Every structure is written in structure tokens, then in C-alpha cells.
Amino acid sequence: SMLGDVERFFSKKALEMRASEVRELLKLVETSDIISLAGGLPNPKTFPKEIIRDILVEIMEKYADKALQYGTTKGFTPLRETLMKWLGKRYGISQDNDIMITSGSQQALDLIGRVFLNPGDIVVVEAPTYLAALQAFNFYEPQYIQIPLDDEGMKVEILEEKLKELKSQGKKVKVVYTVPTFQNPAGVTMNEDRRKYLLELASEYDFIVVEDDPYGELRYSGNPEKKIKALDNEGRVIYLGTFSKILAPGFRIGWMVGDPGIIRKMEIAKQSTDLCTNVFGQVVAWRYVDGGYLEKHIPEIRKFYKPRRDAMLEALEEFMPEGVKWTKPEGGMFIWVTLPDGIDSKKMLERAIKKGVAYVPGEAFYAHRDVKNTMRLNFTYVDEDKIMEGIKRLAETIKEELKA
């Protein structure tokens, strides 16, 4: 810096901000020939480019002034209306909720932090959870309580235990943040009974639930779950959806659905952070949903990713040594691996990279960074054939790591 101790200008929060060492390494790995299973991106082969092209022409012919001008903070009305119609028909989400357009669900999470969190307020997350949600919330200084998952998602029973123990300390949780379907990073889905149990606790202990659902349409097997938001009679759930994996992430459009009191506050908070979400992408998304193209395209995304999931699950079963375990997602973009004998997968990544494969070490996904034997693998954006070869390389890395 020219200033040169530029830190003398920084806020207390800025002084605690740091770039991820791991994320920097992984940026590098992506530009090389290593087989990376570390990505979190959807595959551009799933972007509906011809429908997008037709929609762009349509906008310049018919909607140019609306797409080009500033928008309201709350969002482009036709997109808000078409999304609530979609959500009600498809999922049985109630129309008495309100809806705000966001600049991605990342912006929803930042705004949830601004609107709800005072320093020291308690947020419950799953262990593991979505690392960007921890990043969003961390700016607001919450305390976290972590609730492990199993193959049926959040162990809501341990959440009841922890809520009782907090209550005995005179304390309460303010927000439970859940990614309950095809989790990033775990790949598992909260079952129906647990969704209902979470909501009874939400009532009994008076907290807000944030349900982040980027992947529910990327279902490859099994039957659709009920959204927590569709079971929400009290209006305690804030539901987040996004176009990132069902259209493309390049337009940075998502939506937040919830109690109108909560939405109204979110709108005022948003106004000062970005004025409005880009209206041009909102008009594109509106034509995409309202024109029926989202509905028609969803099966093409599923057809593309399913065999990639299945190839990875096949390779793990054939190559992984005993004592390695992994989740079996019915949808989404990730499979989550648990390593035996105390291997530290952060320490192992150096060995894996040397053997030609990368993954994201699981530690980063725990609020308390306190579990070390887990890894996130992605199947959406490796070259297919490279899924088999990448899983072999990782299996051999684990074999050698296991040798003292």
C-alpha cells in the first residue's frame, strides 16, 4: 500500500477480515491440470442459453425501459408475482407471505445478519453448514451453536437438548439457519418429521428459521420433500431461493419469502446496501419463470447431473478403502466424505494435490472448525471421465495417508 500502514484507517471488523488460505490455494488448483473435486459451481452445460438468447431479444423489443432503469428496492413486481405463483403451486407456500428480490441469496444472508443480529446473539447452524453463510453472519458477531447432521439431516433431537441447556443458562437462540435439502456441503436432506419437529421447537422457544434452498429442483432420485416454509403456519420461516443453479448464477438474482413485517424491514435495510437488485436480470428471470421455461428446463438439469452423481458414488464404492464413509445425496451438487482413524483432511490436501486431485477440507464448514476428518466433493463440474479418475486418485491418497 502507498499509505503504508493502511490498517490505521480500518474498522474493528475490517481488521478481523482475512482471505482464506485454502480458497487461495484452490483458485490456483482450478487453473492447472489437477482433477479438482473442490468446486462449488454449476456446469455451464446446464445454462439454458438458447432460451436466454430468445429472452434477451424479447426484452429489447418489449421491455427495454423497464429492464434498463433503476428498480424499486423490493424488486420487479412481475418477477415477485410470478415467483409467489410458482412457489404456491409447486410447493404449497402460503400466499400471505411477502417476497423481496435479492442480489443472490448471499445478499439475503447478509441482510438477515443486519436485521436480526446484535453482537452475541445466538445463531444455530448445522455442523457442517454453508461456509458463505458463516461469512455473511460473522460480520455481525453472533455466537454459534452447532447441531450435527446424520443421513437424515439436522439431528433436531440434539437441537432440543441444546435449547433446554441454553434455557437453563437464561439464554435463547435468535435464528436457526438450515440448508435442509441436498445440503452444501453434506449432501443430505432433513426428513419430514424433523422439519415438523424443528417448527414445534421454533414455536416453543420462539426463534426464526432461515431455510436456504438453492437445490430443491436438482433432484435426481426419490420424491420431493415438503419445504419447511410450506409447513410454516406461524410465519416463522424466511425462505431463500435463488436462480444460481436453476438458471445461471451470472444474473445474481434470488428471492426471500416471509412474514410481511420481516420483509418490510429487509427492504429498508437493502435500500442503503445496493439501492436495487439489477433490474435487467430480474426481467430476464421473470420471462424465464412466467414464460414456462424454468419448468421445462428443470428436467434437463436433472438429466445432466444425475449420471455425474452416480459415477462419483460408483467410483467411491469401488475404490475407497474400508472405514471411509460418504453421503448418498438424492440431489444437488455435493458428496460429503468422512475419513477413518483420525486423518486430518486439511493436512492431507497437500498429499492429494501431489497425487493430482483436490477437494475442499471439511474444517472450514464447521462454525467451531472442530471436526477435521471430512471433505466436500463436487460432481457437477468435473469433466465426467475425470470423476472416476479423481476418486481413484483420492482413494490412493487416503491409502497412503493411512500408512503411519
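The term rigid core refers to the maximal set of C-alpha atoms that superpose within 1.5 Å between the two forms. From 1 onward, residues are counted along the sequence shown.
**Q** Once everything is fitted on the core, do the CA positions of 23 to 31 or those of 362 to 370 lie farther from the shown form in 5 other deposited structures of this protein?
**A** Most displaced of the pair in 5 other deposited structures of this protein: 23 to 31.
**Q** Name the higher of the two by mean Cα B-factor in the PDB entry, 78 to 86 versus 162 to 170.
**A** Mean CA B-factor is higher for 162 to 170.
**Q** Given the B-factors recorded for C-alpha atoms, which segment has the greater mean, 321 to 329 or 207 to 215?
**A** On average, C-alpha B-factors are higher across 321 to 329.
**Q** Compared with the other modelled residues in the chain, in which third is the CA B-factor of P249?
**A** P249: CA B-factor falls in the lowest third of its chain.
**Q** Looking at the entry's B-factor column for C-alpha atoms only, identify whether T338 ranks in the lowest, middle or highest third of its chain.
**A** Ranked within chain, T338 CA B lands in the highest tercile.
**Q** Could you place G222 in the lowest, middle or highest third of its chain by Cα temperature factor, using the values in the record?
**A** Middle third.
**Q** Split the chain's modelled residues into thirds by Cα B-factor; is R195 in the lowest, middle or highest one?
**A** Answer is middle: the recorded C-alpha B-factor places it there.
**Q** Relative to the other modelled residues in the chain, which third contains the C-alpha temperature factor of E126: lowest, middle or highest?
**A** Lowest third - that is where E126 ends up once the chain's C-alpha B-factors are sorted.
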